[PDB]
Every structure is written in C-alpha cells, then in structure tokens.
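One structure is given below, encoded as structure tokens.
Whatever order the structure lists ligands and atoms in, that order sets their numbers, starting from 1. Protein chains get the first letters and strands the later ones, always in sequence-line order, with residue 1 at the start of each.
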Amino acid sequence: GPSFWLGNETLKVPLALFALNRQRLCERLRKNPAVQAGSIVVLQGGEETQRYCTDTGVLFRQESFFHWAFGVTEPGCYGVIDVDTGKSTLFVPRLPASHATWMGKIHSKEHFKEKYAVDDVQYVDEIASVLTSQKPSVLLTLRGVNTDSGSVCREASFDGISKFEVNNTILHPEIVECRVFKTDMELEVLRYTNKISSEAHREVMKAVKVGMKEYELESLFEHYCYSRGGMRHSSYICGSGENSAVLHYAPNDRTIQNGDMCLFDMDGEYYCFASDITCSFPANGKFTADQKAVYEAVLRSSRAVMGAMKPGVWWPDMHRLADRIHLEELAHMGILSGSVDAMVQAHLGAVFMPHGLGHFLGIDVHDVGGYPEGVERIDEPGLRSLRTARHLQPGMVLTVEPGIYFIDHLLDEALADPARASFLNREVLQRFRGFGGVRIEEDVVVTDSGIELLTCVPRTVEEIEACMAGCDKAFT
Amino acid sequence: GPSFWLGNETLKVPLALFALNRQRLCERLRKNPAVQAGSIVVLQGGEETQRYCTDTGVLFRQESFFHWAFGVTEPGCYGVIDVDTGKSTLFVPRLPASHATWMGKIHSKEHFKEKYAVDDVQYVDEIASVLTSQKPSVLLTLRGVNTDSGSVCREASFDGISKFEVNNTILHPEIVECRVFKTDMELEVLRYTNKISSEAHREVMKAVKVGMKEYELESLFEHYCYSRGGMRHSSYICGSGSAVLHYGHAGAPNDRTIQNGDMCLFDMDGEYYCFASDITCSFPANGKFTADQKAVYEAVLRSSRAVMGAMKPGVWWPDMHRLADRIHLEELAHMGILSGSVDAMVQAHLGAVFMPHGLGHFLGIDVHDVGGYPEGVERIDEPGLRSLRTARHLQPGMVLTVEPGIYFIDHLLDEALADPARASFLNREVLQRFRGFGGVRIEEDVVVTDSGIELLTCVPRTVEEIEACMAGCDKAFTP
Ligand code: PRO
Ligand code: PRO
Ligand SMILES: [Mn+2]
Ligand SMILES: [Mn+2]
Ligand code: NA
Ligand code: NA
C-alpha cells in the first residue's frame with residue numbers, strides 16, 4: 001500500500017498505520033454500552049491560518065486526533081468513520097482553477113482515495129448530504145478536556161449538522177485511550193524520530209564552543225533534523241548557565257560561557273510523530289567535580305527509573321524514586337544533611353525537581369490520556385506537576401526526565417521553613433547558587449517485562465567528554 | 001540608549017526606532033482635524049497561542065502594528081500613547097511566582113521601562129484604573145481591512161473599556177500611512193535583513209547539487225539566516241522544474257528531487273526582529289545555463305533592470321507592471337515563442353499568461369506590507385494587474401519588491417491557445433520545447449529615494465555572476 005515519505009534516508013510510513021488506528025477505535029466503540037448501532041464518528045481537520053489580520057501564513061500542522069485517524073496533511077478536510085462497518089470517508093475541499101496557478105495541480109477525489117487508502121472520498125460541501133444518505137443514528141463528535149493545557153477539544157461542525165443527532169461525550173475518552181497505546185507501526189516512527197534527534201544532539205555536543213549563542217545550537221539541531229530527517233520543531237529549550245535552571249526557557253540569546261553547564265532540551269516531529277530528548281553537558285567539554293556529582297546523580301535516577309519500569313508500576317512511585325535518589329546524592333555531596341526518610345516526608349525532593357518525572361509521548365509531545373476519569377492528580381510538591389498518575393502498561397510511550405536544579409526562590413522558601421531548613425547546609429549550597437541544573441531525558445516504550453529505550457545519545461561523563469573533544473565515535 | 005541585539009554579527013536595533021515611530025504617529029494625529037484633544041492611542045499586543053486543544057506552543061511573533069509602535073517581544077502586553085504629549089505607557093502581564101521556575105526571572109516594571117525606553121510601565125490588570133485616572137477624552141483603537149488578506153484588524157479591548165469613549169475609525173489609515181514610509185532607522189534594519197538573506201541565497205547557489213531534495217536547500221537557507229543572522233522564516237518557495245502538490249500547503253516540505261537540466265526558482269522570506277526581507281533567485285540546477293535557460297532568464301533580467309531604472313517618485317506602479325509585461329512579450333517574440341505585433345499582444349493581455357502575479361509589493365514589518373490600497377486607490381480589473389498589491393504612485397521612503405517573472409503554466413497557455421484573440425500569437429512548435437521549463441523570477445528589494453531607488457539586495461544576477469557563484473568563486477570576484 002501507499003506510504004508517506006520525504007525521500008533520501010527518511011522513513012516510509014505506511015498509510016496502513018492510520019487504517020489500523022481507525023479499526024482499533026471502532027473496536028473500542030463497539031464495546032461501549034452507550035454506543036448506538038449506526039453511529040458515525042465525525043472529525044474535522046485543521047485549516048490554514050494567518051498571523052493576526054495579515055496574509056502571512058502560519059506553518060500548517062494537522063490537528064492531532066484527525067492525524068491519528070487519517071494521516072491527512074491537507075488543510076480543510078473532514079473525516080468520518082462508520083462505527084459498525086469501519087468504513088472510512090475523507091472529505092476534501094473542492095478547489096478553484098486559480099489554485100492551479102499559484103498553489104498547484106488540482107487532484108481528483110480518486111487521487112486522494114488512493115493516497116490515503118480510505119474507502120471513499122467526497123467534497124466538503126457535500127458532507128451533510130452524504131451523511132444524510134447514510135441515515136446514521138448519531139454523529140459522535142470530539143469534545144473533552146486536555147489535562148495539560150486545560151483546553152476543551154473543539155467539536156466538528158458543518159453546515160447542516162444541526163439536523164443530526166449529535167453526541168459529544170462518548171468519543172473523546174475512547175479515542176484518547178487508543179492513542180495511549182502505540183501500535184507496532186507507530187513505534188517504528190517513534191524509533192525513527194528518536195534516531196534522527198539523537199544524531200542531532202550528538203552533532204550539537206560536537207559543535208558547541210564557548211562564546212556561541214544558544215540559538216546557534218538550536219539552529220544546527222533544526223537543520224540536521226530537517227535536512228537529514230525531514231523533521232521540524234514541535235513545540236515552542238537551550239539553556240546555558242543559570243538558564244538551565246529555567247525549565248521551559250524567541251531566540252535563546254545567552255552567550256555560552258566557560259564553566260557553564262548546558263541543558264539542551266529540544267523536541268521535533270516527523271509526520272506529526274514526536275520525539276523529546278534532553279542532554280546536559282559542560283560548555284567547555286570538561287566536567288568539574290561539582291558538575292560531575294550533580295550530573296551523575298541525575299544519571300543514577302534516570303537509570304534507576306528506566307530499570308524499574310515495567311507493567312504494573314505506578315508512575316508516581318517512579319517520581320518518588322528519583323526524588324529519593326537525588327536527595328541521597330545531594331546528601332553525599334554535603335549539600336544536605338540528616339535522614340533522607342525525613343527529607344522525603346518533608347517533600348524536599350521537589351525543591352530540586354519541581355516538575356514531573358516524565359510524560360506520555362506520541363503525536364503530541366505532551367501526549368493525551370495521562371488523567372482519564374478515575375485517575376487523580378496528587379496534590380503534593382513535584383507530584384502535582386506529573387502529567388500522568390497512571391500505572392504502566394505495555395505499549396505506553398513515556399519520557400524519563402529527572403533533573404536537579406538550583407532555583408533561588410525554591411531554595412529560599414525551604415530555608416525559611418523550619419521543617420526543611422535543617423536539612424540544608426547553606427555554606428555548601430552557596431557554592432551551587434547559579435549552577436543552573438541538569439536534566440537527562442530519554443524516550444522509552446513499556447514492554448511486557450520492562451522497557452525499550454528509543455533514545456541513543458552519549459550519557460556517561462566519559463562518553464560525553466569524548467564526544468565533545470571530537471574523538472572518533474569508535475574511540476573508547 | 002538601549003538596543004535589541006542577538007550578539008555576534010547581528011544588528012543592534014536601537015529602541016529609539018520605535019520611539020520615533022510613536023513620535024511620527026502623534027505628529028500625524030495632531031494634524032488630523034478630527035482628533036480630539038486628550039486622545040490616547042490604545043494598542044493590544046499578541047498573546048501566546050497553542051496548537052488546537054494541546055499545550056503545544058506556537059512560536060510567538062508580535063502583532064505588526066504593536067511591534068511598529070513599541071518593539072515589544074513579550075506576549076500579553078498593551079501599549080498606549082497620549083497623542084498630545086507623546087507619553088508612552090506599556091502594560092505588561094502580572095506574572096505568578098511559578099513563572100520563576102518554568103519561564104525565567106520575573107522582571108520588574110522598571111526593568112521593562114528601561115528595556116523599552118517608554119515613559120511608564122504598569123500591569124495589564126490595572127489598565128482600566130490607570131486610564132481612568134488619566135482622564136482621556138477618547139480612546140483611539142485599531143480597526144480596518146488588510147487588503148491582501150481581507151481580514152479585519154482586531155481592536156484593543158480590556159475589561160472596563162465600555163466606560164470610555166472609543167473611536168475605531170481614525171487610527172488605522174493614519175498608522176498604516178506611517179508604516180508605508182520607512183524611517184532611516186527602519187531602513188538600517190531592512191538593509192541588514194537583505195544582507196543576511198542575500199548571503200544565504202549565495203550559500204544555496206554554492207551548495208545546490210543535482211539529486212538533492214528542494215527542502216534540503218530550504219533547510220540550509222534557514223540555518224544560515226538563523227545561526228548567522230538571528231533571523232526566522234516569515235511567511236509559510238523552493239521550486240524545481242511541490243510542497244502544495246504532495247502535501248497541500250506551501251509550508252510543507254518541498255520534496256521534489258532536483259534534476260539535471262532543471263531551472264531552480266528559490267523564493268524565500270525571513271525577518272529580523274519582525275522586519276522582513278523577500279528575495280528570489282533563479283538558477284540552473286547543474287550550474288550551467290542552457291541557451292533556452294539563458295534566453296528566458298535574461299528576459300526577466302531585462303525587465304527587472306528596466307523597472308529599477310525607471311522607478312522614481314511620481315511613477316504609477318501599474319505602469320511599471322505594464323512595462324515588465326511589454327518587455328517579456330518583446331523578448332519572448334525575440335525567442336520565437338511568440339510572433340506578431342507586441343502592441344497587439346499587450347492589447348490582448350498576453351503578458352498575464354506568462355506573469356499572472358503582480359510585479360511587486362510594499363515590504364516592511366509584514367512581507368506583504370500594509371497600505372497598498374488606501375481609500376481612493378482602486379484595484380485594476382485586468383489579468384495580471386488585478387494581482388498587484390498596490391496601485392499607488394511611488395513616493396520617497398516606500399520599500400517595494402521588484403519581482404517580474406516568466407513562467408510556462410500549462411492551463412494558462414492552453415487557455416490562450418483556445419482563445420482566438422490570443423492563440424495566433426503563440427508558436428506551438430517553439431513553445432512545445434518550453435513546456436515543463438518551469439519559470440524564472442528575479443526578486444529585488446528596493447527603497448524609493450528622492451530621485452530613484454536604492455537597491456537593498458546583493459546577489460549574483462547576470463548569467464556569468466550566477467555561474468561563478470555556483471562554481472564556488474569568492475564574492476569579491478566579478479566576471
Ligand atoms: O513539561 C514537562 O513536563 C517537562 C519538564 C521539563 C521540561 N519538560
Ligand atoms: O505574492 C506575491 O505577490 C508574490 C508573487 C510571487 C510570489 N510572491
Ligand atoms: Mn519532555
Ligand atoms: Mn515577494
Ligand atoms: Na522535556
Ligand atoms: Na516573492
């Protein structure tokens with residue numbers, strides 16, 4: 001069958017991937033006792049947008065649920081799926097002849113049917129008539145709350161939809177749940193995005209020089225991923241010095257200084273499939289003793305979490321595991337003193353890692369389904385920032401991204417709190433003010449017995465220093 | 001005073017640039033008989049947006065009028081200008097403490113005042129109180145129609161604005177007219193964006209190889225402009241012999257393989273600190289012009305240079321478009337593609353078959369800049385000319401693109417061959433050879449001076465210059 005491809009060495013993605021997703025969605029809806037026979041899923045694709053009142057185009061990127069179901073790159077489409085039969089119909093714009101002059105050839109409906117391997121193709125201005133002739137019981141539209149943005153998914157609408165019975169509650173939790181579990185075809189794409197991104201991160205480590213601007217590295221990274229991978233930046237983090245303390249840190253215009261710890265967090269996507277990797281490393285290519293200690297603490301928690309991950313593991317337990325390891329290591333360094341058990345009970349870990357350990361990844365970098373009905377957010381420091389509190393199951397894709405930061409306002413808050421202040425050694429901590437931070441982010445897939453690591457970048461102090469010194473890769 | 005700067009070799013842009021724009025706007029409004037004493041200009045800046053219902057951020061880019069007046073890069077601001085005194089007040093978001101953790105340092109209001117060289121800074125949630133205490137007569141807000149998009153400009157609004165008298169008609173044409181005429185400080189930025197982009201175009205010509213994907217050149221171009229210039233792609237064109245055909249939108253990767261014998265047409269735009277550039281280079285994929293390629297290319301070079309040589313204050317822009325048409329038709333006849341009277345070809349609008357777009361457009365903070373069709377200036381309802389983005393007379397301070405081209409577009413050629421009024425001009429036996437040629441476009445950015453133009457762009461343009469550039473010759477080499 002047909003595939004998406006940007007030539008050269010880029011990945012061929014079979015359109016069969018999206019056919020399988022439609023099948024899986026129907027199979028799930030059929031088991032839902034509230035779903036009526038004769039229901040049709042109706043999804044509306046994204047449209048081209050312009051900046052404010054200008055004719056300046058914003059780069060078009062397909063809406064994620066619609067992409068998941070159909071893999072369609074063109075703006076202005078709809079897609080429907082007959083739940084009982086699984087039959088797919090794509091609706092495309094009826095374009096005018098002037099489109100031939102400055103946009104391009106006007107493809108036939110046949111062309112799109114073959115391109116996307118759907119059962120039928122019709123024009124958008126005919127959607128109400130086509131759906132009417134199919135005599136559906138109910139139209140299932142998409143509406144629900146994204147638990148990272150807090151935004152409400154926008155329901156499909158078309159001229160004449162008011163004449164149909166519409167249900168906007170059933171679909172969202174079901175299609176979200178399908179997205180949580182990646183198919184083998186989906187995993188192939190995520191392996192690819194991780195491969196390209198990993199290569200780009202290596203090139204960044206090889207290229208960094210004291211005196212460069214952060215955005216020079218962003219530029220190189222993006223150039224590698226686009227020219228070699230057919231990939232683009234996903235969500236709009238190259239922090240050197242105390243900017244590495246800033247989690248989501250426009251062009252990053254800080255000059256990389258000698259002695260800085262760089263924290264390079266980029267994401268990217270191929271055909272709307274994401275990757276999210278973070279590398280930390282000394283700007284000048286040589287870890288100081290302090291940098292090595294902080295860095296190896298995060299390497300330890302990173303590897304402890306990956307090693308412990310398997311089906312049945314509760315994700316908040318992994319977050320707490322990283323906290324405990326960080327506190328142990330900060331104590332070994334002399335930054336902390338006292339009982340680590342007591343430190344954990346006082347939530348001291350969150351002073352140094354205020355964000356969640358990691359998140360679902362897929363078509364969105366912060367992928368859907370972290371907090372389905374019945375799964376609650378934990379109202380404690382650190383944990384409340386987790387983007388899921390679910391138990392792990394095979395097929396889930398997660399980032400594992402512990403970090404340690406020295407953030408003045410969190411440190412000062414702890415120092416003012418008698419329940420936490422006694423753990424902190426001001427005279428040692430003073431040395432780490434302005435250190436910035438370290439974050440190590442891997443992408444992994446949960447397997448039947450553990451995980452599969454998708455990411456492949458230098459991680460040990462030795463590996464990183466060798467990479468940055470320009471040593472041939474084969475060098476040990 | 002303070003400046004915007006991205007370090008290294010990038011341009012330092014004084015915030016005085018924006019102060020001058022505010023002063024110029026106030027000076028214009030003070031001369032406007034309908035403007036009430038005590039009026040204040042109220043502009044609302046852009047806000048951060050996310051992809052659909054996700055938390056995936058869209059790259060923030062400031063709204064153009066707001067940028068023109070204030071140069072503010074932060075989302076969620078407002079800006080006001082007292083017309084009678086010129087006093088400026090920037091309103092910035094009151095950020096929560098968690099911002100220190102996730103975004104960066106929470107800057108003071110004094111920090112922003114110093115950064116932007118405005119007279120006062122307040123928090124956005126205090127705008128109604130602050131304006132009430134200043135007792136303005138009228139709030140002048142922004143509403144009007146962009147004549148390229150057809151969209152209506154979004155008026156500023158804030159909770160409590162209903163308690164003020166608001167006029168939304170006066171401001172738009174006046175601030176548009178200010179933007180049409182670039183200051184000396186604005187021209188320095190446009191010279192810079194043209195310099196970086198010109199350098200990037202040279203690198204593309206130097207790097208291109210048969211067998212590459214078009215998007216590989218786009219990537220290289222964008223990397224040069226960003227890493228060396230601090231610039232970003234502006235509006236979402238690397239055509240050989242594909243992005244819209246294969247994926248449905250220009251922003252998609254152009255994934256056509258560049259073939260031996262292809263004519264490349266490389267049209268990119270970009271911006272530095274929201275100031276645009278828009279340049280197009282055409283060149284043979286394999287670095288050697290064929291006779292046919294030389295002939296078509298030199299035809300467009302002739303019209304480019306004829307228009308640039310003719311441009312000066314008082315010239316009617318549509319006359320320049322017609323001049324380019326006539327030259328294209330003359331040269332296509334000299335090639336044997338056309339035959340007969342060029343006077344007759346023009347009367348039959350044959351030029352639009354080969355150049356269906358406008359000769360060029362205003363450029364500034366937007367690539368297709370504002371003010372091309374103010375009230376009283378009409379769009380010409382003829383092929384080609386109806387696509388012009390302005391029908392104004394040229395005056396000093398305007399910045400325009402000059403981008404004639406010749407294309408071989410099957411459905412336009414076929415229409416002409418089926419039209420008895422046009423068909424007899426075309427020689428099918430020669431034209432058939434140019435089916436699939438693609439096209440040539442040569443786009444320069446220029447400033448209208450007191451007596452002519454200043455060319456902003458600096459790329460190889462003659463056949464010899466282009467072949468030398470593609471052969472890896474130093475810039476300073478002149479063949
Ligand atoms: O947003 C998140 O959850 C992670 C934390 C560090 C940056 N990205
Ligand atoms: O849109 C315009 O006016 C010009 C014509 C060719 C591409 N850009
Ligand atoms: Mn992440
Ligand atoms: Mn242009
Ligand atoms: Na991350
Ligand atoms: Na152009």
> What N, O or S atom of B:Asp267 is found closest to the Na ion (ligand 6)?
Replying inline: OD2

>> Within the supplied structure, the quantity of interest is the number of heavy atoms (other residues, nucleotides, ligands) at a distance under 6.0 Å from B:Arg191 CZ; does it exceed 12?
In response: yes

> Which protein N, O or S atoms lie under 2.8 Å from the Mn ion (ligand 3), given by chain and residue number?
Replying inline: A:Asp276 OD2, A:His359 NE2, A:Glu401 OE2, A:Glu441 OE2

> Can B:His328 and B:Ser303 be counted as having a side-chain donor-acceptor contact under 3.5 angstrom?
Replying inline: yes

> Is the B:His201 ring parallel, tilted or perpendicular to the B:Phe266 ring (thresholds 30°, 60°)?
Replying inline: perpendicular

> What orientation do A:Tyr236 and A:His233 show, parallel under 30°, tilted 30 to 60°, or perpendicular over 60°?
Replying inline: tilted

>> Rounding to 10°, state the angle centred on the Na ion (ligand 6) that links OE2 in B:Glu443 with OE1 in B:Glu403.
In response: 70°

> Looking only at atom types and distance, does a side-chain atom of A:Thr388 sit under 3.5 Å from a main-chain N or O of A:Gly370, one as donor and one as acceptor?
Replying inline: yes

>> If I take atom CG from residue B:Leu363 and atom OG from residue B:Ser277, how far apart are they, to the nearest 0.5 angstrom?
In response: 7.5 Å

> Do the rings of B:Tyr407 and A:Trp102 sit parallel, tilted or perpendicular, given the 30° and 60° boundaries?
Replying inline: perpendicular

Pairwise, report which nitrogen or oxygen atoms of ligand 2 are under 3.5 angstrom from protein nitrogen or oxygen atoms, and how far apart they are.
unit_1   : atom_1 : unit_2   : atom_2 : d
ligand 2 : 1 (O)  : B:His368 : NE2    : 3.4
ligand 2 : 1 (O)  : B:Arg389 : NH2    : 3.0
ligand 2 : 3 (O)  : B:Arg389 : NE     : 2.9

> Short question: side chain of B:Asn146, backbone of B:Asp148 - any donor-acceptor pair under 3.5 Å?
Replying inline: yes

> Once you round to the nearest 0.5 Å, how far does CD1 of A:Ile277 lie from OG1 of A:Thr455?
Replying inline: 4.0 Å

> Is the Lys NZ or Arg CZ of B:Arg379 less than 6.0 Å from the centre of B:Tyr373's six-membered ring, within 45° of the axis?
Replying inline: yes

